[PDB]
Structure formats: structure tokens, C-alpha cells
Amino acid sequence: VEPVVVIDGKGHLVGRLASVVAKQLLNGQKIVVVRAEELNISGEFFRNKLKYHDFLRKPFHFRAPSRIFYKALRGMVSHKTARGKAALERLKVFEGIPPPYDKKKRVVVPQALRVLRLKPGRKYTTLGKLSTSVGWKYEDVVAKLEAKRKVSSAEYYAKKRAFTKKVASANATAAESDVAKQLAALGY
Amino acid sequence: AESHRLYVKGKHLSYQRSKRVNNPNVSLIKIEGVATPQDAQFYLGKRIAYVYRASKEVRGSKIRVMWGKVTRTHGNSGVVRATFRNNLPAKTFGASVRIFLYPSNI
Amino acid sequence: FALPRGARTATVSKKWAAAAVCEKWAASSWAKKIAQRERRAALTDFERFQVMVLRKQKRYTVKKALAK
Amino acid sequence: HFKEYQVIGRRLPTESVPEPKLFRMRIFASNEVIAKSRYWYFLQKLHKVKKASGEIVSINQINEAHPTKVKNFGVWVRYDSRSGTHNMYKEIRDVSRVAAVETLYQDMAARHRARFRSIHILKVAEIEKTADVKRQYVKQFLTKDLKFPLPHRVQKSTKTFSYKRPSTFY
Amino acid sequence: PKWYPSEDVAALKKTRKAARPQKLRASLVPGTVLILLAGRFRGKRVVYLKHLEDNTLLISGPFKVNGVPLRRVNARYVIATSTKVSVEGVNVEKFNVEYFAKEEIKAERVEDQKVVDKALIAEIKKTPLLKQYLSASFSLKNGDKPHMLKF
Amino acid sequence: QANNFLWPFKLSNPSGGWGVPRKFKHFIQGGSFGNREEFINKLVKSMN
Amino acid sequence: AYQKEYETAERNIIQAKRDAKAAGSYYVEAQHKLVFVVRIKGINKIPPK
RNA sequence: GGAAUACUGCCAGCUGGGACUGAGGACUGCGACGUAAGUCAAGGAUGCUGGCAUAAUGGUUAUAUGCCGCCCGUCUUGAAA
RNA sequence: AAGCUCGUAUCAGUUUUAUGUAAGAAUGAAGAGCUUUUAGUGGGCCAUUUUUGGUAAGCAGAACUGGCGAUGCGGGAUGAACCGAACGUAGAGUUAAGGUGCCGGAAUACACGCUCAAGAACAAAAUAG
RNA sequence: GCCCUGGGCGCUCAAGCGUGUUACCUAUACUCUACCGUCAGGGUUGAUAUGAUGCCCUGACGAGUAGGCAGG
């Protein structure tokens, strides 16, 4: 339905998000993933640092959270095939929200959120912490310039809220009229 | 008018197939806004067309079209099986297809 | 609304009538949204065209109320 | 779903033994055939009578008198486990006997990994007076003006993409 | 006719298939507004005038409102709306299957179209927005569900 | 004589399936074979 | 005649059951004398007998 | 006290939507409609419409796409080897 | 393969009753017998279960019926000892084992509890009643 | 009873475990239809509106090493 979909990785499970993205873009849907560093994995820090060195001690290994997510997505797609290679060309993963994706709406997957999937009172791991612990050196800059992203975007939202205030006032003053009642009668 | 569309958009997923055996004669088509067999029941019998651009000139256009028909529902997520006079090239997996409204029953 | 534990059908209906539950439900925005969704689902094509025309007319004045 | 079936038999009355004991028991099953099979199995296990030496006099479904009244039922459960057999007693709060026995079977299959074959329902007795219930988890739902919340609801979304970032509030 | 068969091709058997009149769906009623799904006038809104003996439907735009003239159309390529005009005032007896035989437009056809339009416009204008509604071409929009839309 | 005159019935698979996940078990224990006195009619109608 | 016989037989069976219930006794239904059999397994690996 | 409803089964009850199939080749027969003439869904598709001779369509081959396919014959042996 | 008779009362890897072979018993084929001769066949692998019996052990020795010999096809990551099912060329339809987060076609189905760690015969002996 | 001690990608109100109720995918498996052949039966002329060595109707069947038979 959407020519390009931007998915906010924060608060989502790596496995569920990877599976849903693989299924979606295997059907030709273009998907973009942002804020991968904020992606979460179930379980406390231990047993999440583990199971990574286990396969590491075997090739080339990538420490960036985006590369980890791609590897998770890569194994869920029939790579080495033209369809698999073509499907993987419709995927983009970045840390934070670099432009121009910062100026566009970002969606989430209800069936992949940690809150809706993980039972309360259970420890969970975050991709950023694991990446830093396994040698990632860009967490500091990622956080620093993500905080700046919220800066002045709060101001943009405030301006939008102010504009919508005037829009609502204009609607209300024109409301209750004959045309307004006619529209409300037809569910609009 | 802004939009000239008179058909429901859909995506071609893959042919009906087993683990190691596939049946190209029967294609699976996903219909936008359809997620249950009951909803897909309305689309049964409707003509489905696939539109793609060609490199060489044709009999009065530059677009070539492959027509098909809906046969039966598939799965539980609203997937529907479609049949065409000429089977799809298997390269359209994930491509966009046009599900027309005729023949109508309303 | 108030209701004794284990109230039978007659008592439940009596309490429902006394508490004006139906009146409260209609006032809630949730019931209004449900009714609006049902009306939109039941909208006819000609009704949809009328809605479009009325929306255009209303916007013609809404856009003039602002900017001045 | 399950149903309650009353089954009787008098071991094929013969000469010198007219009008036998006419064994009676209330079997629980999903159909008449299963009820008859379980009745035969119980008769063989607990009595000196076999299927080939018996006759089902009658079988009629018994529905709960008040399928709307909330009641508490005491069950004297007897079942076979990995070692010998152990009698068990449990209290289940349910509107109807069928639901109570179904929940008991589910609990046995969950907390004991026992199945219908090894589970015998000796007797189910209704309890209505307070202070007669013994299990704490059943007394938990007998306090006056009991009210509890349902935090962290998990309402499902049909569409795979949501722009609302849904909240779990209730 | 008179030539003896120079090669004895076997004759066909007595086929037991008697022709029967088309049983149109109840939704199709005269005076109903129709939406064309294909053809030259695809997407146009049309008025249902009369049923023809060749399983086609005699329809009119009317021609004056949207330019669609009197033409034959198949019921399977048409969606019947719930809005119906009083077509009783339009004389449709003249139109028949042989009328549309294709053997610069014939003058008689233009006269018949004008006569039909004159009668139909009076009823069309009898209700608000009917002229504008018929002048608007129907089209789908994002999020539209034809299996849910109540036509 | 009547039974032998009729050719053995050639029945198709049930329209709604066999229901139970595994057919090769006694009907009294959630299977598909055995004594299904009352349900035999439904099984035949589904297969027919 | 066959339809009448079937209707009378079913009505008589139901009436007898109801009378037995009312009379405080037990009615032993006549044992079924006809059973249909359907093959559920394939030809392969079927034991000889 | 009485309605129902819940559930099982019956309808030689009614009414649609979707997919494949058109096999036989002048009448012999079993049936229905109708007082009769005649008709019929009754031992296998009938009628209409739409495109066509710088045709319509079909065919050969290179690549490509979704899936499958251990290198051929012989002998060892109960087997793969 | 060929000749006679008979389609008849001729049989059965089926069942039950009687004698501790009979049935004017059930079911299916009526397609069987009587003589002459004519290719190939005397390779076996494994579960049981007869048993000879067991102490570092092992199975030495066997043996009773069965799966395969020459056997495709679907599932089991692959497999000869597993499950279904055995084969003319295609269409429609319904299923088996096996599955339904992706690879892979299908419910991130419904309901009850269990477990933070894997979990999806051998190092075994120490949350409800 | 369970948890730690004695196919890959992946998952934890599981996408793990036991049981319970429904929706669906398919094999050469089964129902019907379309066609090739084998078998069995039957129809056939005071001659056939195509070789009685012809033209047909009906039902089932169709795996396979050595070996046997038949048609090209």
C-alpha cells in the first residue's frame, strides 16, 4: 500500500522484526529500518552476549547493530538466489534516523513489539549495548546525534500542534452550520 | 478525476508448491485489504491482469498484458489462487497485478 | 452501575434501566465513533458523492476563516 | 467440550442370579461411544464383569440444573500415575459441572501430565456454603465486593503496520 | 440447399437445449444508475432504461449529461446502485436488438437520442446533485474495499 | 443376493476431512477406526 | 407402503421409549442387525489374515 | 405454568457466488409438463455477440526466472559402497 | 503352452459350532481338476521369537513368522530397515503421514498451566496433592 | 510435572512442553471426467451409406529383475 515503509526498530524483537520484514519484502514491498541500535532481544545481558561468540569462533563478522539485524534477516531469506538477492536489495538499515528518513513518518509492527510480546518482569537485552560490548565504537556518536534529532523536532511538533489548534478552531466556528449538520448526518 | 483506477491492486506471491515440487499452472495472488476467506470470496471469478512494459513495439501500444481468472481461496490469510492462459514467468514474484471488478455480481 | 452479586436477568434489567446505561453509552465518544464507522460503512456511492461535495463546500469556508 | 452420561448395566442376568446389582455411575465423555467404553473399562477394573458379559441398559445425557448459577464443586479424583495410584481431592469453581470437569482434566494434563485414559472421576459434589471450601485459590474469589484490574492488555492488531505505537492501558 | 452432399459428413444429434430468457439479478431494475467497468465509456455513470432480447441492457448516459449515447451493454460489466430514477416517462419500445445492427452518425439515431435525453433530463433534475453526480466519473481511491463498499 | 448384486461402493475422501489429527487410532480414543455407530452416517455422507 | 412402514416403526420406537421412561422401567432397544464397513488403510503392509 | 432457544438428525425444501468439464453425433428407451395438440433441465453445448489477410495465432532457439536432478555400463553383495 | 470334462458345489493364509474329520453354518470367487512338457530359480540383509544360556562382557550358536531382494512417489535436514502409499497420459475436487514466524503452502489460531536454562539412552541415586 | 546442576535463520503470556477445540497445503493416495492399449462379454447380412482380418457398445485392469508371449 505504501511505496516505501519506514520501520522504527526501537522496542521490537530482533527475530520477529526480521521475520516480518523478510516476509513483507519477499513480496516486493520496500522496507527501511531505522534506530536499529535501539532494537531489543529477549533475555538479560548474559545468554545474549553468549550465542554470539559461539558462532563467532568459527569468515567475516560485523559488529554494527544494523549488520547484526541484516545477518538475522539474511538467514531468513533464500540468499544465493536471484529472488533472494533481489529481495535483499529492497532493504535498508541505519543507526538512528539519518535523513531524508527523519522528515517522513515511521511505522511500527504491533506483532513484534517487546511490550506486547514479552511478559512483564523479564529481563531483555538491547542491540546497542551488545554491539558496544562486542567492539562497536559508534554508540556514543549515534546517541549524541540522535538526541540532536529530537532537538528542534520537538519544536517542529509544537509548531504543528499550534497550527492544528487554529485548524480545529476554524472547524469549530464553522461547525454546527447547515452544511456541517448535513455532513455529520452522513457520517462525515 | 485524480485517480483512474478501477481495479483492486494485488501482489503475486508464488505458485502453489510443495517442499520440493511446484505447480506453475496455479498462481497465488494477494489482494490488498483482504485477510479472510470470506472477503476473498467476493473476488472469485474476477478477471486478473498483469501489466508490464515491453522493449519491442507491439500491435499499437508499448504495454503487454497477461489475463487470468480467480479460481479459489488459499490459506486463511485471504490468499486466493489465480489461473492465467499463459503462466507467469516466475520472475514477477512480488510484482503488482490488477484485479478487475468484472464480471460483477452486485 | 450498582448491581447485587449474582443478580438474575430481571434484577439486572431493572438496574440497567434505572442506571440509564444506554444513555451514558451514547454520550461516550466511543459509541459515537462506532456509529460513525457504521454510517460510513453503510454510505452509498451517491451518498459518498454528496459527502464529497459538502466537504468541498465546507473547506471553501474553512480555508477562508484562517489566514486572516 | 464434554457431556455427562448416566450408564447402567446388570451383567447379562442369567439363571440363579435374577435382577443383578445393576451397577450405576455417571460417566463423562464427548460422545455416547466413549462413555460406553469408559463404563466398560471401569466395570472391568472395579468389578468382576467384562464387556462380553454385560449389557448397557440405558444411556441418557444429564444437563446441569442451573447452567447460569455460579457454583463450587468438590471432586474426589482418583487416577493412575507413574507409580501405583494416588487418590486426589480438588475444588473447582465453575458455572456448570461439565466446565468444572473439563478444567479439572486440563489441570491434570498440565500440572500432572495425566490424560483421560488414566483419570477416573469418582464423584463430583456441589458446595455452596462458605468456609466449606479448603483450597486457598478457590477462597480467593469468595470475598465481598471483590474487584481486581487487568493491567497490560494485549489487544491484537489485524494490520501488520501500526502508526499509533499502541499503549497497553485498559 | 439442393446440392447432394459430395461427402457424407455425419449429421449432428438432436440437441436438447431450448433457449430461455435471461434471468437478470434482482438488483438490476429499470431506472437504476449503472457504472461501466470496461469499454470506451469505462468509469462513466449511466442510467438503466430497458432490457434487450439479446441479453444486453439498453442504457443511456443520458447522452447530454456525460456524452454516453444509447448503446448495448452486458449486465456482468455493470454495477447496479441503489438510486433509481422514474424511467416510466421514457418510451423505450422503439429500441430493439435490430436497432443497433451495425450493418457520419445516422440522423435518426441522433433524433432518438435527443428525444430520450429531453424526457430523462426532466426527471434527472428533479433531485439535487443528480446531474452533477452523473457528470462525475466513478473511480477508486486508496483504502477503498469494493467487497465492503455498499453500491 | 441384494448385497452381492451391488458393486462395492467407490467413495471419495471426506469433504471436511477426517477431523482427528491421526486416523490410525481407535475411535473411542480420538482415532478414526473402530466403532463409530452414530458418526458412521456423518462419515459416509462427508465421503459421499 | 415402505414410507408408511418406516414412519410407523420410528413412531412406535419413540412411543415405546417414552412409555418406558414414564413407566419407571428400562427399554432395551433392538440390537442393530446391519453395519456398513469402509476401508481406512491402504494395501501396503497389511498383515496376511 | 408455558413459550422457546441450546444440541443431534431429516427435508425425493428454497435460493445464489466461484472453478474444471462440452465427451457422444439423424429417431428408436426410461420419465415430467399439458383434456389434447405439442413442449421439456428426460440415455453428453445450444444460440448470440466480439478480432482477422501488411491477419489472429502457432512454431525453432539464446539467456533468464520458482523447484527438482550424486557420472555412464559391468560385477561383487542381502545393501549403499 | 496345448487336449478332456465341468461351471458347476471347486475352493479359502477368513470366522463360528460339534467330535478333546461334520455343519439343508457366515462371507467371496462359480475361473477348478485331470494328464504331456518348458525357461528362469538352491545369493541373502534385519525386528521378533522359538530358545541352548547367560557372565566383566558379548551375543557364540541358532531360529518362527515377517519388511526388501527387482520399488517408484509424499514427509522425515540426508539414509536400506521409519510413516503413508505402491505407478498408463492430463484436468477438477478430497486426503495420509508431515506441517502452518521466514527459507516453505498454509492460523505470529483459540483455551488451560508449566520452564529462565536450555527446550524443541547413557554419566538417574537424591507447582498441585 | 517442570527448570540449572547429576536443518539454518531463529523464539520466551514461545515460534519450547502436555492436553483440549476449529481453519488450511499437498503424493502417482481416493471420486468424476478427457484419451492409448490388454482382457472378458455382447451387437453385426436376403450384406455394411470403410478390408466379418471390417464398424462398434459395455466393465475392469495398466509396477517390475531373470524369463516367456505378442505387435511393429
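A short note on helix α8 (residues 153–174) of chain A
Since the α-helix packs 3.6 residues into each turn, any two residues three or four apart lie on the same face.
Point 1. When the terminal C-alpha atoms of α8 of chain A are compared, their 31 Å separation across 22 residues agrees well with the 32 Å that a helix rising 1.5 Å per residue should span.
Point 2. At the exit of α8 of chain A stands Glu176 of chain A, carrying a positive phi of roughly 75 degrees.

Comments concerning the packing of helix α1 (residues 14–26) of chain A against helix α3 (residues 65–75) of chain A
Between two packed helices, both the angle of their axes relative to each other and the distance between the axes serve to describe the pair.
Residue and element names in this part refer to chain A.
Point 1. Taken N-terminus to C-terminus, the directions of α1 and α3 make an angle of 55 degrees; their axes are 9 Å apart at the nearest point. When the interaxial angle is binned, α1 and α3 end up oblique. The handedness of the crossing between α1 and α3 is right-handed. Here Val14, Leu17, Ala18, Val21 and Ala22 of α1 lie close against α3, whose contacting residues are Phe69, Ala72 and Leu73.
Point 2. Along the lines of polarity and charge, the residues of the contact of α1 with α3 split into eight nonpolar, no polar and no charged.

Let's talk about the environment of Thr168 of chain D
Residue and element names in this part refer to chain D.
Point 1. Assignment of secondary structure puts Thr168 in the segment after α3 (136–139).
Point 2. Here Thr168 falls in the partly exposed class, since its relative accessible area comes to 23%.
Point 3. Ignoring sequence-local partners within four residues, the contact set of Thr168 consists of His152 and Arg153.
Point 4. At 2.7 Å, the side chain of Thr168 forms a polar contact with the side chain of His152.
Point 5. A distance of 2.6 Å separates a polar side-chain atom of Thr168 from the backbone oxygen of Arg153.

Description of the sheet that holds strand β3 (residues 56–61) of chain D
The strands making up a sheet associate through backbone hydrogen bonding, with each pair oriented either parallel or antiparallel.
Residues and elements named next belong to chain D.
Point 1. Taken together, three strands build an open sheet; the order of strands is β2-β1-β3 and the sheet is antiparallel. Edge positions in the sheet fall to β2 (23–29) and β3, since each of these pairs with one other strand and no more. Neighbour-to-neighbour, the strand axes of the sheet open up by a mean angle of 20 degrees, direction not taken into account.
Point 2. Alignment of strand β1 (residues 3–9) against β2, held across seven bridges, turns out to be antiparallel. Along β2, the bridge assignment pairs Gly9 with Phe23.

Overview of the pattern of salt bridges
Point 1. Going through the model one piece at a time under the given rule, you end up with 20 salt bridges over all chains.
Point 2. Here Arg45 of chain E and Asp45 of chain C are joined by a salt bridge, their closest N and O atoms 3.0 Å apart. Placement of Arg45 of chain E in strand β2 (residues 45–51) and of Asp45 of chain C in helix α4 (residues 45–65) is noted, with the two residues assigned to different chains.
Point 3. For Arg45 of chain E, a relative accessible area of 4% gives the class buried.
Point 4. Of the charged contacts in the structure, one is a salt bridge between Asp112 of chain E and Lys94 of chain E, with a shortest N-O distance of 3.0 Å.

Quick notes on the interface of chain B and chain E
How big an interface is tends to be reported as the loss of accessible area on association of its parts.
Point 1. Of the residues lining the interface, 15 residues belong to chain B; the matching set on chain E comes to 20 residues.
Point 2. Across the chain B/chain E interface, buried area totals approximately 1,700 Å², and carbon plus sulfur atoms make up 64% of it.
Point 3. Of all residues in chain B, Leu6, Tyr102 and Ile106 of chain B give up the largest surface area on contact with chain E, accounting jointly for 35% of the area buried on that side.
Point 4. In this structure, the connection of chain B to chain E is made through zero salt bridges.

Section: the domain arrangement of chain A
All names here are of chain A.
Point 1. Domain annotation of chain A identifies domain 1 (1–138) and domain 2 (139–188).
Point 2. Contacts between the two partners involve 12 residues from domain 1, matched on the other side by six residues from domain 2.
Point 3. Carbon and sulfur atoms make up 52% of the surface buried where domain 1 meets domain 2, a total of about 660 Å² over both sides.
Point 4. Area buried by domain 1 at its contact with domain 2 is led by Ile97, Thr132 and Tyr138, which between them contribute 46% of it.
Point 5. Inspection of the region where domain 1 meets domain 2 yields zero salt bridges.
Point 6. Taken together, domain 1 and domain 2 are joined by four residue pairs in polar contact.

Considerations on the protein's contact with RNA strand H
Point 1. What surrounds RNA strand H is a group of 32 residues, the closest being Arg20 and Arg59 of chain B, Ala11 and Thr15 of chain E together with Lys45 of chain F.
Point 2. Of all RNA strand H atoms lying within 4 Å of any protein atom, the proportion belonging to sugar or phosphate reaches 72%.
Point 3. One nitrogen or oxygen atom from the side chain of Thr15 of chain E is found 2.5 Å from a sugar or linking oxygen belonging to RNA strand H.
Point 4. When contributions to the surface near RNA strand H are tallied by element, the ones reaching two or more residues are α4 (82–88) of chain A together with β2 (22–31) and β4 (63–74) of chain B.
Point 5. The residue makeup of the surface near RNA strand H, split by class, is 12 nonpolar, six polar and 14 charged.

Remarks on the nonpolar core
Point 1. Residues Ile27, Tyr39, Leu43, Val75, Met108, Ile119 and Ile121 of chain D are the most contacted members of the largest nonpolar core, which totals 32 residues.
Point 2. When contributions to this core are tallied by element, the ones reaching two or more residues are β1, β2, α1 (32–46), β4 (71–80), β5 (85–94), α2 (97–111) and β6 (119–127) of chain D.
Point 3. Residues from two domains meet in this core; each of domain 1 (1–67) and domain 2 (68–144) of chain D gives at least three.
Point 4. Ignoring sequence-local partners within four residues, the contact set of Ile121 of chain D consists of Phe28, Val75, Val101, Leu104 and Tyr105 of chain D.
Point 5. The next biggest cluster of nonpolar side chains, apart from the first, holds 28 residues, and it includes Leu17, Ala22, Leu88 and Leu127 of chain A.

Section: the sheet that holds strand β5 (residues 79–84) of chain B
All names here are of chain B.
Point 1. The six strands are arranged β1-β2-β5-β4-β3-β6 in a closed barrel whose pairing can be described as antiparallel. Between one strand axis and the next, the sheet turns through 45 degrees on average, direction left out of account.
Point 2. Where β2 meets β5, three bridges bridge the pair, whose relative direction is antiparallel. Directly across from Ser27, in β5, lies its bridge partner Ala82.

As for the side chain of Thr81 of chain E
Residue and element names in this part refer to chain E.
Point 1. Tracing the chain through its elements places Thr81 in strand β5 (residues 78–84).
Point 2. For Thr81, the side chain forms a polar contact with the side chain of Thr83, separated by 3.1 Å.
Point 3. Dropping the residues within four chain positions of it, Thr81 is found in contact with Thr32, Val33, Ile35, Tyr133 and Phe151.

A closer look at the protein's contact with RNA strand I
Point 1. Taken together, 50 residues lie around RNA strand I, and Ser19 and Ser78 of chain A, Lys19 and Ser77 of chain B together with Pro14 of chain F are the ones closest in.
Point 2. If you look at RNA strand I and keep only atoms within 4 Å of the protein, 71% of those are sugar or phosphate atoms.
Point 3. Note that a phosphate oxygen of RNA strand I is positioned 3.4 Å from one of the side-chain N or O atoms of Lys41 of chain G.
Point 4. At the level of secondary structure, the elements contributing two or more residues to the surface near RNA strand I comprise α1 of chain A, β4 of chain B together with β5 and α2 of chain D.
Point 5. Here the element with the most residues in the surface near RNA strand I is α1 of chain A; it accounts for five residues.
Point 6. Each residue belonging to the surface near RNA strand I can be placed in one class, and the counts come to 15 nonpolar, 18 polar and 17 charged.

A look at unusual backbone geometry
Point 1. A cis amide bond links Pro99 of chain A to the next residue, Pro100 of chain A, at an omega of 0 degrees.
Point 2. Residue placement: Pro100 of chain A occurs in the loop between β4 (91–93) and α5 (114–117).
Point 3. Following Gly61 of chain E, the chain continues into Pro62 of chain E via a peptide bond in cis, with omega recorded as 5 degrees.
Point 4. Looking at the element boundaries, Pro62 of chain E is found in the loop between β3 (56–60) and α1 (63–66).
Point 5. A positive phi angle is found at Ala90 of chain B, which is not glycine, with a value near 75 degrees.
Point 6. With respect to the helices and strands, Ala90 of chain B occurs in the loop between β5 and β6 (96–100).

Scoring rules and cut-offs
- Counting of residues restarts from 1 for each chain and follows the sequence as written, so the numbers need not equal those of the entry; residues with no coordinates are not shown.
- By the order in which they are written, chains take letters starting at A while ligands take numbers starting at 1.
- Only a portion of a larger assembly is shown here, and every reported value applies to that portion alone.
- Calculated side-chain values reflect all of the structure's heavy atoms, with hydrogen atoms and water omitted.
- Secondary structure follows DSSP: runs of H or I at least 4 residues long count as helices, runs of E at least 2 residues long count as strands, and numbering of each begins at the N terminus.
- Expected span of a helix, by definition, is 1.5 Å for each gap between consecutive residues, and there is one gap fewer than residues.
- Every axis corresponds to a line fitted to the C-alpha atoms, with the helix fit spanning only the stretch in contact, and the corresponding angles, defined between N-to-C directions, vary from 0 to 180 degrees.
- With respect to orientation, any angle under 35 degrees is reported as roughly parallel, any angle over 145 as roughly antiparallel, any angle of 65 to 115 as roughly perpendicular, and every other angle as oblique.
- Crossing handedness follows the turn of the near helix against the far one: under a right angle anticlockwise gives a left-handed crossing, and clockwise gives a right-handed one.
- Two residues qualify as a contact provided that any one of their heavy atoms is within 4.5 Å of a heavy atom in the partner residue.
- For this classification, the nonpolar set comprises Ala, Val, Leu, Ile, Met, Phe, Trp, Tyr, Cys and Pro, the charged set comprises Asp, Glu, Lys and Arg, and every other residue, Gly included, is treated as polar.
- Between buried and exposed lies partly exposed: a residue is buried under 20% and exposed over 50% of the maximum accessible area for its type, with that area taken using a 1.4 Å probe on protein chains only.
- Throughout this description, a polar contact denotes any pair of N or O atoms lying within 3.5 Å of each other; where both atoms belong to protein, one of them has to be capable of donating a hydrogen while the other can accept it, and for residues adjacent in sequence the pair is counted only when both atoms sit in side chains.
- One bridge is not enough; two strands pair if DSSP finds at least two bridges between them.
- We count a salt bridge whenever a side-chain nitrogen from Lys or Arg sits within 4 Å of a carboxyl oxygen from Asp or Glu.
- The quantity reported as buried area is the accessible area (1.4 Å probe) lost by two parts once they are put together, taken as the sum for both.
- Each domain's limits were defined by an automated method or a database of domain assignments.
- Any residue with a heavy atom positioned within 4 Å of a molecule or strand is treated as near that molecule or strand.
- We define a nonpolar core as any set of buried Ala, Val, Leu, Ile, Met, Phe, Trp, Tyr and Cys residues linked to one another through side-chain atoms lying within 4.5 Å.

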